[PDB]
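By written order: A, B, C and D. Residues from 1 in each chain.
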């Protein structure tokens, strides 16, 4: 019951970290809408967690600005006023800054940065001043703190989310909106996508990368997001929550 | 049951933040030893939370190096192997660096820095390699991130705890000790000590200090410490967890 | 002679910080191209510093991707191979995240983020592997470290520049390109634009904003950029250089 | 002439980084006192740079509190009022937190932390309110930002110097003392001590440690310290200046 009465939107909620967030949110009493681009993936994901009284899928691309107000409307029609937004949808491009095409740059930033902007802006407007204990959780990354030579556009996007979220936190705090905004910074997490890239988990598990010598699992990110969605974290805003196996500590 | 089977030492556990940590640790199933300098304060504190099957007081000054191994022995005799150490004992001096006497400097660092060192070193030695899911939670502060012109020695101590904790985290991770080390960074928290200082809460609540316009409460720190003591945070090590009402975000 | 033989592009070099960078670069022996949107402003600016053997103006919008390779060509035709790129062009929008229009968001990011990307990508390609001691200096801000509730899009842009620059630094270092990339983070700086906003300098000079009690001047940013362009800083890459009167230290 | 009229104390100025700071300070017009523990090393060091009109050695242990006021007196008798203090003396212990003896802990902190405190406190008292453009440069390290599992006490000391320096910066700024305080954070630097440790330079030069693939040289730290001692950096206070070959950027 740590999220009793909460109503959450989790973007990119049909896979990996987003799916585990959705799963533990439902376990703790939240009602959840998960979004993703692919209907078969999303419908399967939602039903794996529960029935439509607690979780529903909505097909939505986080870069689709017009779809964001309709996503809030669909969620509110199902479950009542939204209290919690998890901006987790994202894509990755394996290119250095030098090698990034302008098309790749714009495509990644449209999801990773504009999508987080759209969800954060709308979340503040739709959740402020309602006594909801509202919480916006923006998914950055260890790549919001440190560079990676082969993730130039992804670093830009995660650095932007990191500091934009502080602006939003501050405005919400100063205006007594009853909205908190924080960032979560996963390290490497094992998912079916990582499993599809031969050698990725072993590269990520080297001690010079992750000092724990292994990578995490989606629930590792789900539990910090439960804390941040809950009223337990009512004094936490504008902060960065790193769950990375020690990556950024060295 | 989030701390089912855990056995915690909370230094400075008889007042304020430490007491609330102890309270919520017991609520989540931990057995707890709280320390403090003053027997009447400590005995009252322990009994306010529960009986001696779940919480006991031990009189101990965290600067007392010889008492630290005996504190572990007393805790283990009561409750079995220690899994969780919260290094929360600390003192404050209201002096600029310019105005700090060497006596004040040494007194504060003996508790705030040497005491955390003693608890962290001993905690690693006594908890490693036992499959306990062990966790060391070192209390830094917002004063581990930003200066305050009137808290020079306190800033030194909190900066030291911040980075020493990363060293310990890394060594524990690299050696597969099954010990995590993290820091918690409270902002301003309302306690009876703050209530005794006329005008302190209002100063701390100005928007140029805490953007939320009010200060926190001890449970705000207790709940992040429950997360960090629990196996929910098994991939979090070497990281800084800030709960400050937005103080450091501007 | 600290920049003997260097050839620099300074975007947004016709006003304020960029102009002072250009001025001190010429003083230290560099040849400089300054860019800006407005021909009369740019021509006056260039001639205020020196003749066309040491400084020239090129009209260019940093968001104009096709103009960037022509800007390098014009600079190289004048002065020989470019060694130094200062990505300083930028705009500001005074809006919270909540109040930012999508048009404002896209307009600011096209200059502040895409323009820095275009200059950094091209700079690496055109300066690598030539033994030039090449240096890319990306202008972030104190708003790359801390939020401001009324600068949401500007914070996003400066956070992105901060971390994208680390990616570029690392790739250049790992590949032995002989290119360094660093960020400069000015605090508040007095310029004619600040002088045009009634009350801005006094707001910025309050001790709760800038602890020095006054704001800086353009040369304060020029001298850190001379250090970073010079071979004196040959071991500095991927780092953040803050010149802010103490703003971020509290 | 970048340090025309400055009078500097450089602790640990007889070797390595401190010696190079002293050398470039003299080159830029400063008068310098270098300290060290060993008379033959110090006398040779001073004469290698210049005669006693510009540089003198004083034998002093930075942990020797009573010697610090006499060191200022000796410097002022030689050269007039001190303007610049570089707190560079330090020692290292290769131990994890777990393996650090209390004797090792106290010995290292007495030099690395108490010595910096003594020089910073005295520097503020002796240089404030004199129109000197005074500057205190505290030597932290990359180990003030990130942990190293084998440098536990050294990390504590460098984290403490990092944040204590911000307190001092702020107090000096707020009181209009005309004293700035900043930290410098070297990465790995080649010195005769590093050359005496078989395999150290190669370990430090691995790309997973220093992305540039080599370590720095003492002059790399000297030139950032010239910038910080000079009036060029009159708006820089409370900040961290990292010169590390990219170490902390990944």
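The definition used in the following text is that contacts are C-beta pairs under 8 Å (C-beta built on N, C-alpha and C of every residue); 3 or more make two chains touch, one makes a residue touch a chain.
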Subunit A and subunit B: spacing of chain centres that average the CA atoms, whole Å:
30
Report, in whole Å, the distance between the mean C-alpha point of subunit B and the mean C-alpha point of subunit D.
32
Chain centres from averaged Cα atoms put subunit A and subunit D apart, in whole Å, by 43
Junction residues of subunit D - those touching two or more other chains
146-148, 166, 169-170, 174, 238, 249-250
Taking the touch definition from the header, please name the shape of the chain graph: line, ring, star, complete or other.
complete
Show me, using the given definition of touch, all chain pairs that touch one another.
A-B, A-C, A-D, B-C, B-D, C-D
In their complex, what parts of subunit D are in touch with subunit C?
166, 169-170, 173-174, 176, 187, 207, 211-213, 216-217, 220, 223-224, 227, 230, 232-246, 248-250
Mind pulling up the subunit C residues that touch subunit A in the complex?
65, 96-98, 100, 102, 105, 109, 113-114, 117, 120-121, 124-125, 128, 143-153, 155-171, 174, 238
Subunit B contacts subunit C in the complex at 146-148, 208, 249-250
